[PDB]
Amino acid sequence: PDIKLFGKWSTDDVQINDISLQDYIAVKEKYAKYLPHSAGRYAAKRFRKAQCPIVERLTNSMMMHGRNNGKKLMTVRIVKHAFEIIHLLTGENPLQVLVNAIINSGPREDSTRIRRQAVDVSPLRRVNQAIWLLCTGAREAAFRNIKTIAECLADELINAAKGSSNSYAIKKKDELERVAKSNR
Amino acid sequence: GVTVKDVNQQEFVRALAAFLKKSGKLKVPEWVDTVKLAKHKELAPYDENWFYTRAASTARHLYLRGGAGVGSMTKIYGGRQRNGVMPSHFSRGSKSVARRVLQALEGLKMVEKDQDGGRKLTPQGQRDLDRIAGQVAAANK
Amino acid sequence: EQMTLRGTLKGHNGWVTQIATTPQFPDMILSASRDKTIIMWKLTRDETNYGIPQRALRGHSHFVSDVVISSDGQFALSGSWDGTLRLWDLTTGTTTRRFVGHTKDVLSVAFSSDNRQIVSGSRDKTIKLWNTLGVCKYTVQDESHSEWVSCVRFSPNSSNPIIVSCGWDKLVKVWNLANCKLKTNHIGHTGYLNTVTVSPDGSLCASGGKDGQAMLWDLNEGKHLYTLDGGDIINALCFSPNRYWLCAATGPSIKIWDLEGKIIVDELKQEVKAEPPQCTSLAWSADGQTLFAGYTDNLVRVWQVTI
Amino acid sequence: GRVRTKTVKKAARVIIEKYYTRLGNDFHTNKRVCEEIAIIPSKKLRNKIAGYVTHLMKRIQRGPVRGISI
Amino acid sequence: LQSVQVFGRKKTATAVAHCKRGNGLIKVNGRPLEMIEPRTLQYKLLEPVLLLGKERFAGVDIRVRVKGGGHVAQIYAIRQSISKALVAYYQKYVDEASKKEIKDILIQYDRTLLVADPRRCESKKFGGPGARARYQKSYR
Amino acid sequence: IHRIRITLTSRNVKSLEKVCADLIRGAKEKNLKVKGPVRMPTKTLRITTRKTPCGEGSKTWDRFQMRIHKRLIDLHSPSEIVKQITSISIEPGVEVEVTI
Amino acid sequence: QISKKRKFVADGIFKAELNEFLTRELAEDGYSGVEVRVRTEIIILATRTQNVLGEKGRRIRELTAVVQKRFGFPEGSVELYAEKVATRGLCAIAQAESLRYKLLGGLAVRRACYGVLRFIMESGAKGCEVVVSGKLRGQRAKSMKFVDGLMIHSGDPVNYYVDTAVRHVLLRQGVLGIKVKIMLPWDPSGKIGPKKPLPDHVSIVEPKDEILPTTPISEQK
RNA sequence: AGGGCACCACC
RNA sequence: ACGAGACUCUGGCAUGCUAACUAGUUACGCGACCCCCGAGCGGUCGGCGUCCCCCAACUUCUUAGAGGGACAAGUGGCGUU
RNA sequence: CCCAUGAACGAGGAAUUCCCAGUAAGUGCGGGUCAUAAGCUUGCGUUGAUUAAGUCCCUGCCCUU
Ligand SMILES: [K+]
Ligand SMILES: [Mg+2]
Ligand SMILES: [Mg+2]
Ligand SMILES: [Mg+2]
Ligand SMILES: [Mg+2]
Ligand SMILES: [Mg+2]
Ligand SMILES: [Mg+2]
Ligand SMILES: [Mg+2]
Ligand SMILES: [Mg+2]
């Protein structure tokens with residue numbers, strides 16, 4: 001019995017191109033779940049969040065700001081509608097679009113400000129910051145706009161997956177890496 | 001065989017409200033177009049025929065849980081009251097609305113006064129609700 | 001005749017503390033464990049597994065320390081560290097009778113030859129005789145051991161009905177089952193005792209424990225016969241049902257002695273900076289061709305007597 | 001941290017020095033022996049003492065130990 | 001008459017599933033399993049049946065009574081109780097092999113299907129609005 | 001005969017249990033049908049108050065509490081026999097109420 | 001009819017007021033405490049029961065009368081008895097009152113405190129602490145602490161191993177505060193001290209030396 | 001000058 | 001030796017123990033309603049009743065007592081080992 | 001309580017608080033106060049995360065020379 005997210009999206013065909021992030025993007029096999037709501041204790045120990053499914057990590061990061069704290073059912077519904085919109089707009093697997101968006105949004109070099117010095121970025125922090133940037137871009141696009149949060153999230157994910165500069169996450173990653181290069 | 005618990009409750013409430021309105025023997029107060037349903041509401045109900053919906057909901061609640069009085073109904077239909085710059089609190093529904101709904105349902109003979117207080121469904125009311133549930137299940141299938 | 005490893009049973013989740021077999025059902029055995037369960041094994045002897053867990057008996061609150069099977073093979077009797085004995089109907093796997101009265105861990109249980117009596121030894125330094133209905137017929141505490149009663153056994157020869165007990169006071173005691181009164185007292189051992197077993201004929205009693213020496217006693221004569229040397233602590237002693245052998249679980253290994261020659265026949269060593277798993281219990285098959293051994297790695301190992 | 005205090009360590013050393021022949025590498029048997037041969041007011045303290053006794057018994061089997069004179 | 005009654009917990013929500021020999025019925029508080037709200041988490045309830053197949057449940061009727069907690073906690077309690085009830089019924093009235101294989105499937109998918117989450121609300125302490133947060137501190 | 005209900009209430013669990021056990025042992029010795037000790041939920045009375053007598057310092061609080069434990073025993077016995085059974089020594093702090 | 005919560009709180013309040021009244025009435029007589037056993041029997045523990053009883057029981061009859069009148073007992077329902085404290089040296093309240101009356105008698109602070117300390121230690125206590133605070137010498141106030149033996153401060157065992165008493169002495173220049181803490185000895189009997197030992201005290205049984213058998217020997221009974 | 005500790009310090 | 005720790009209360013586990021008409025469950029009987037079809041050992045019932053003249057078993061769920069349970073105990077690695 | 005009236009406020013400068021798991025935050029419900037009575041406090045559940053498993057850079061405290 002193959003497990004599909006929301007009963008619609010399969011994980012078998014999802015490919016993670018970047019081998020550095022393959023161990024930190026839990027998307028298939030033992031990490032294929034019907035829903036992005038597990039109520040698991042992923043924060044109990046260090047690195048354990050790497051086992052949290054990437055869709056559920058996105059869902060968790062959507063629970064901002066304060067007024068939306070704890071409304072995980074609402075964020076699950078938002079993610080479901082965003083995946084539907086992504087499938088309509090691109091014809092691709094929304095999981096593949098999300099994986100590509102995260103890969104393209106994760107910054108690879110940063111600056112530590114110890115005058116600043118350039119340092120590398122660990123894969124786990126790459127994934128964390130990619131998710132944070134994607135959610136922040138969607139939220140800021142949806143604020144004070146008739147465009148719904150699901151549509152804004154879908155647009156942000158699609159642009160990040162394409163690598164377009166219309167993406168908030170892509171622009172922020174480019175700025176961070178440019179500053180790191182300057183301080184190198 | 002279909003009973004109420006077998007169907008979607010929102011669809012059941014809509015179907016039962018339509019049935020009550022079509023039967024047209026339910027007594028409706030003269031002030032249904034003026035009042036709001038609780039002190040914590042800000043506006044009157046959007047639906048003009050809110051009385052039939054409320055009666056259907058009350059009958060369904062009595063089916064699920066008999067012996068409920070006006071106080072229990074006002075607890076059921078209570079909600080959050082926003083208090084301007086002060087925090088929000090729970091608030092109860094309109095006792096007159098609950099009482100008139102119960103009395104109208106009694107007039108339809110679907111509801112009778114319970115021995116231990118409050119109201120309950122008559123066998124006729126139970127039969128009507130089960131038939132409505134069967135219709136809802138047939139429509140879904 | 002050298003015994004070879006035939007297979008393993010891997011159901012348990014804790015130390016295998018006791019293994020029981022019955023002549024009626026050659027394909028069914030019982031294994032008690034520290035996971036508070038008793039696994040009834042159905043023996044398939046197939047290529048994949050020698051046997052698989054058929055049923056699990058649950059209801060004990062602490063470690064199950066000892067288990068025996070009734071003569072007809074329909075009921076099982078178990079003791080546990082929760083201080084109670086349980087009687088299990090093997091067909092349904094439910095408890096039919098609870099035996100209460102021991103105030104500490106029950107370390108050993110034993111059925112009589114006709115299954116009309118039950119004997120239990122516990123850490124409360126008391127021996128208890130019960131009937132099948134769960135009533136403590138007698139309690140030996142005055143002349144009993146001054147330390148934990150580690151093992152109690154019944155003589156299979158009805159001609160001289162006696163009970164053999166061993167405890168942590170380094171003593172082997174014999175009790176006249178008729179009156180539950182002391183008859184013989186053996187003062188040979190130098191360390192605490194873990195096990196006493198009785199020969200199928202009832203003539204011999206082998207005792208073993210901390211000192212690593214397996215001492216033989218004549219139940220009829222009431223005198224010490226001889227002593228065999230085991231390298232490690234003796235955890236379990238078992239007489240072969242047909243052959244004139246004595247089997248001892250000495251630490252991680254198993255030693256078989258030919259009582260006629262008083263020499264080692266075979267040494268059963270598991271194939272390996274960690275200490276090896278210890279063998280904790282032994283039980284011969286009904287026909288005497290298969291020896292089941294429990295270990296501290298939660299496994300049961302099957303040894304086949306191969307020509 | 002899991003550092004055992006002097007109460008636990010000294011009780012374990014005295015128990016080993018006085019009842020070495022009854023102790024072994026099994027925590028549960030050691031715990032039963034400790035509760036039989038000593039008055040330890042609390043179950044948690046008994047468990048800590050028995051655990052350190054087991055650890056020291058493993059060390060003693062592996063070689064001599066300065067604190068304990070058997 | 002073959003039946004078991006097994007509970008599942010989540011926070012203060014407790015659900016007891018009565019699983020007896022039957023034809024494949026599953027009810028929660030008298031309602032079909034697909035009618036339990038919120039339906040955003042319907043797959044959480046359906047997970048035991050989806051993982052094990054309808055063939056395992058075809059021989060039993062399971063009725064679940066749930067109370068306490070909140071909506072999500074009740075959902076998790078219901079699914080845990082259903083899984084544990086099926087495991088108990090198999091281990092009691094079928095062989096141990098079937099119980100072991102279904103338990104392995106459930107454990108591999110999600111441990112909380114069989115083992116309860118022990119997390120509970122932490123007590124509030126004076127000097128702050130909650131268990132850890134403190135009231136704002138001013139100096140001048 | 002008459003159905004006797006004994007309600008025991010205490011702040012000390014150990015003494016309450018000792019009294020209940022003694023009453024049940026007496027009833028057993030008199031060979032009476034006695035329903036075992038039904039344990040009502042424990043009541044926890046709480047008073048939380050500022051530690052300081054004035055209003056100065058860090059706002060620290062004392063959480064005082066009292067625990068009340070309640071037991072019920074049911075007997076089928078004559079009133080005289082029930083009174084004789086209850087006439088045994090009662091530990092201090094245990095309040096006994098007998099109802100017929 | 002009254003609820004159980006109110007009933008228990010009321011019984012506690014009655015005991016508190018009764019103890020306060022008896023403390024003020026019988027301070028000079030060695031009053032240490034009161035036990036109320038429900039006729040309602042009220043037992044007064046004191047060092048000098050003769051003064052509590054008075055001339056042919058006149059004072060105890062007066063105490064019974066005032067107690068009955070104040071608390072509304074039916075006439076004859078409440079009876080008062082007097083008993084002597086078993087170990088006067090181990091009662092913190094008794095020692096605090098003794099020190100208070102020594103100080104009221106003009107005795108030197110150091111002498112009185114050391115006398116009380118020596119008496120407590122000779123009575124069998126594990127240890128004691130006596131603190132006297134106030135205007136001991138001159139206008140500036142200070143506190144003198146006299147400690148002996150063992151004393152514990154933290155944890156649950158303080159509740160049943162340490163007996164504490166606080167008293168006020170009204171002197172010409174002001175009030176002196178007296179604090180007496182006594183660490184009771186471990187008493188398995190339970191008379192002079194708690195039965196439960198200190199939780200961190202592990203007592204290991206000395207093994208009985210035995211001779212290992214040289215050769216196997218069998219005996220017949 | 002060196003070395004520790006703390007979301008009533010920082011990261 | 002005090003303080004720390006230990007300790008007391010609390011949280012989590014026990015289909016093992018004790019035992020409950022001021023807690024329930026399951027079973028059965030009666031009753032109400034739905035399905036003629038596939039009407040049943042059917043489904044729903046916080047509808048009633050079953051030690052309480054006499055009419056049913058149990059404690060999973062609830063309550064609360066006793067006891068058990070965890071010790072860095074097991075395995076691997078690091079450590080002066 | 002009802003009808004009516006419908007202000008600033010579009011996310012907040014310098015500065016600064018609290019906090020790491022059923023925690024923060026959201027959400028309501030009890031107790032105290034109380035004839036009348038919560039924008040406070042003390043508790044309770046319910047929904048429920050991001051980040052970290054480090055350091056002495058800031059603020060402090062402590063130790064050695
Ligand atoms: K929007
Ligand atoms: Mg509402
Ligand atoms: Mg909170
Ligand atoms: Mg101390
Ligand atoms: Mg402390
Ligand atoms: Mg600050
Ligand atoms: Mg900061
Ligand atoms: Mg229970
Ligand atoms: Mg105030």
Side-chain angles (χ1 to χ4, degrees), chain A residues 41 43-44 46 60-61 63-64 66-73 114 128 132 144, chain B residues 1-6 39 65-67 80 85-90 123 126-127 129-131 133-134, chain C residues 36 58-62 82 84 100 274, chain D residues 2 5 7 27-28 31 41-42 44-45 47-48 50-52 54-55, chain E residues 3-7 11-12 14 16 18 25 30 65 69-73 88 116-124 126 128 130-138, chain F residues 13 17 35-42 46 48 61 69 72, chain G residues 150-157 159 199-200:
Chain A
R41 288 167 279 171
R46 198 195 190 199
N60 287 341
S61 291
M63 286 191 295
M64 298 181 187
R67 61 169 174 178
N68 306 312
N69 281 159
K71 305 195 181 184
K72 195 167 180 178
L73 297 190
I114 55 99
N128 294 350
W132 187 93
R144 275 175 66 95
Chain B
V2 180
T3 52
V4 179
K5 279 193 171 183
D6 292 332
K39 66 169 182 294
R65 188 170 162 165
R80 181 169 64 117
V85 296
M86 296 193 63
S88 305
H89 289 290
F90 179 70
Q126 185 177 3
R127 168 184 65 183
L129 266 65
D130 280 349
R131 291 178 176 176
Chain C
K36 302 175 292 188
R58 304 169 168 274
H60 279 303
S61 314
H62 216 303
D82 58 8
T84 65
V100 196
Chain D
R2 300 289 189 101
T5 58
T7 303
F27 159 78
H28 305 277
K31 150 183 62 176
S42 65
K44 183 184 279 74
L45 184 61
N47 288 340
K48 289 184 179 294
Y52 193 54
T54 299
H55 178 84
Chain E
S3 65
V4 295
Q5 293 188 74
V6 187
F7 64 85
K11 294 186 181 180
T12 57
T14 301
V16 184
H18 176 224
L25 168 143
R65 55 184 197 274
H71 303 296
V72 185
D117 190 339
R119 292 179 294 173
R120 296 290 189 272
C121 281
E122 187 179 330
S123 295
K124 176 193 179 300
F126 59 80
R132 300 296 178 86
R134 306 288 81 189
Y135 292 134
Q136 181 160 311
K137 184 175 181 172
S138 58
Chain F
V13 181
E17 294 294 331
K35 277 195 170 187
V38 183
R39 296 181 173 83
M40 299 284 96
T42 299
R46 309 187 81 99
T48 299
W61 297 75
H69 308 264
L72 306 175
Chain G
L150 175 66
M151 179 61 60
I152 59 182
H153 298 84
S154 63
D156 181 65
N159 295 324
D200 55 339

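Proteins get letters first, then strands, A, B, ... in listed order; numbering begins at 1 in each. Note: hydrogens, waters and symmetry copies are ignored here, and every other heavy atom, side chains too, is used.
Taking atom CE of residue B/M86 and atom P of nucleotide J/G28, one finds them 13 Å apart after rounding to whole Å. Distance, F/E17 CD to I/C17 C1': 14 Å, rounded to whole Å. E/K137 places its NZ atom 13 Å from the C1' atom of H/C7, with the value rounded to the nearest Å. One atom, NZ of B/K5, and another, P of I/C34, lie 18 Å apart when rounded to the nearest Å. Going from atom NZ of F/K35 over to atom P of I/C58 covers 13 Å, rounded to whole Å. For the pair D/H55 NE2 and I/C71 P, the interatomic distance rounds to 17 Å; values are reported in whole Å. Between E/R132 atom CZ and J/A25 atom P the separation is 12 Å, expressed in whole Å. In this structure, E/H18 places its NE2 atom 12 Å from P of I/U25, rounding to the nearest Å.
A south sugar is assigned to H/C7: the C1'-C2'-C3'-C4' torsion is negative, on the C2'-endo side. J/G22 has a negative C1'-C2'-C3'-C4' torsion, placing its sugar in the south range. For J/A38, classification of the furanose by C1'-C2'-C3'-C4' yields a south pucker, on the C2'-endo side. Residue note: J/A53 shows a south-type sugar, the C1'-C2'-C3'-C4' torsion being below zero. Judged by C1'-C2'-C3'-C4', the furanose ring of J/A4 adopts a north pucker.
Listed candidates were J/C2, J/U17, I/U22. Nearest to the side chain of E/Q136 is J/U17. Checked against I/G12, I/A70, I/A20, the side chain of F/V38 finds its nearest nucleotide in I/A20. Closest to the side chain of E/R120, out of I/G16, I/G11, I/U22, is I/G11. Closest to the E/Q5 side chain, of the nucleotides I/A73, J/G28, I/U26, is I/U26. Closest to the E/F7 side chain, of the nucleotides I/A14, J/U17, I/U44, is I/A14.
To the nearest 0.5 angstrom, E/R65 atom CZ is 5.0 Å from E/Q5 atom CD. Summarising the geometry, atom OG1 belonging to D/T7 is positioned 11.5 Å from atom NZ belonging to D/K48; distances are rounded to the nearest 0.5 Å.
Judged by atom type and distance alone, E/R65 reaches the base of I/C61 through a side-chain donor-acceptor pair under 3.5 Å.
Distances shown here put a side-chain N or O of A/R46 below 4.0 Å from the OP1 or OP2 atom of J/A53. For the pair A/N128 and J/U51, the criterion of a side-chain N or O lying under 4.0 Å from OP1 or OP2 is met. Close to I/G65, at under 4.0 Å from its OP1 or OP2, lies a side-chain N or O of F/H69.
The six-membered rings of I/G46 and I/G47 are unstacked under the 5.5 angstrom centre distance and 30 degree angle criterion. The six-membered rings of J/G39 and its strand neighbour J/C40 do not satisfy centres under 5.5 Å apart together with planes under 30°, so the two bases count as unstacked. Base stacking is present between J/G32 and J/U33; both the centre distance of their six-membered rings (under 5.5 Å) and the plane angle (under 30°) fall inside the limits. No stacking contact links strand neighbours J/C19 and J/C20 by the limits of base ring centres under 5.5 angstrom apart and planes under 30 degrees. Classification of the I/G69/I/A70 step: not stacked, the six-membered rings not being both closer than 5.5 Å at their centres and less than 30° apart in plane orientation.
Between I/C21 and I/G12 there is no Watson-Crick or G-U wobble pairing whose two distances both come in under 3.5 Å. Nucleotides I/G16 and I/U75 are not base-paired: the Watson-Crick or wobble atom pairs do not both lie closer than 3.5 Å. Entry note: I/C13 and I/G68 meet the pairing test, Watson-Crick or G-U wobble at under 3.5 angstrom for both distances. Between I/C45 and I/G31 there is a base pair of the Watson-Crick or G-U wobble kind, both donor-acceptor distances falling below 3.5 Å.
For the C1' atoms, the distance from I/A70 to I/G12 is 13 Å, rounded to whole Å. For the P atom pair drawn from I/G42 and I/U18, the interatomic distance equals 35 Å after rounding to whole Å. Nucleotides J/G30 and J/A24 have their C1' atoms positioned 24 Å apart, rounded to a whole Å. I/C55 and I/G29: their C1' atoms are spaced 11 Å apart (whole Å).
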I'd like a table of atom pairs between the protein and nucleotides 28-33 of chain I - only N or O on both sides, under 3.5 Å - with the distance next to each one.
from  : atom 1 : to     : atom 2 : distance (Å)
I/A32 : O2'    : B/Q126 : OE1    : 2.9
I/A32 : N3     : B/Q126 : NE2    : 3.4
I/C33 : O2'    : B/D130 : OD2    : 2.4

With 3.5 Å as the limit, what N/O pairs link the protein to nucleotides 11-14 of chain J?
none

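Contact annotation for C/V100: no contact, since no heavy-atom pair falls under 4.0 Å across all strands.
Base orientation of J/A49: anti (glycosidic angle beyond 90° from 0). For I/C41, the base adopts the syn conformation, since its glycosidic angle falls within 90 degrees of zero. Nucleotide J/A53 is shown with a syn base, its glycosidic torsion being within 90° of 0.
In the displayed structure, B/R65 atom CZ is contacted under 6.0 Å by at most 12 heavy atoms of other residues, nucleotides or ligands.
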Quiz item: Would E/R132 and E/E122 satisfy side-chain contact (heavy atoms from CB on, under 4.5 Å), going step by step from the backbone distance to the final call?
Solution: CA-CA 9 Å; E/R132 300 296 178 86; E/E122 187 179 330; 3.2 Å; yes

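Applying the salt bridge (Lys or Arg N to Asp or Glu O under 4.0 Å) criterion to B/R131, with sequence neighbours excluded, gives no partner residue. A search for side-chain hydrogen bond (donor to acceptor under 3.5 Å, both in side chains) contacts involving A/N68 returns nothing, not counting sequence neighbours. Partners of A/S61 according to the side-chain hydrogen bond (donor to acceptor under 3.5 Å, both in side chains) rule, which considers only residues two or more places apart in sequence or in another chain, do not exist here. In this structure, the side-chain hydrogen bond (donor to acceptor under 3.5 Å, both in side chains) partners of B/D130, at least two apart in sequence or on a different chain, are B/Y63. With sequence neighbours excluded, the residues satisfying side-chain hydrogen bond (donor to acceptor under 3.5 Å, both in side chains) with F/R46 are F/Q65. Applying the side-chain contact (heavy atoms from CB on, under 4.5 Å) test to A/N60 and every residue at least two apart in sequence or in another chain returns A/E56, A/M63, A/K72. D/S42 is linked by a side-chain contact (heavy atoms from CB on, under 4.5 Å) to D/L45, counting only residues two or more places apart in sequence or in another chain.
Side chain of E/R134 to main chain of E/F126: a donor-acceptor pair is present (N/O by atom type, distance under 3.5 Å, no hydrogens or angles).
Both E/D117 and B/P87 lie near RNA chain J, and the one whose nearest nucleotide falls closer to the 5' end is E/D117.
For the strand RNA chain J, secondary-structure stems (runs of at least three Watson-Crick or G-U pairs, all distances below 3.5 Å) span H:1-6 with J:59-64, J:25-32 with J:40-47.
When both distances must be under 3.5 Å, the Watson-Crick or G-U wobble mate of I/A57 is I/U25.
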Exercise. Take nucleotides 41-49 of chain J nucleotide by nucleotide from the 5' end and write B, S or -, depending on whether a protein heavy atom sits under 4.0 Å from the base, only from the sugar-phosphate, or from neither.
Key: SSBSSSBBS

Quiz item: What is the per-nucleotide protein-contact pattern of nucleotides 2-7 of chain I, from the 5' end, where B denotes a base atom under 4.0 Å from a protein heavy atom, S denotes such proximity for sugar-phosphate atoms only, and - denotes neither?
Solution: SSBBBB

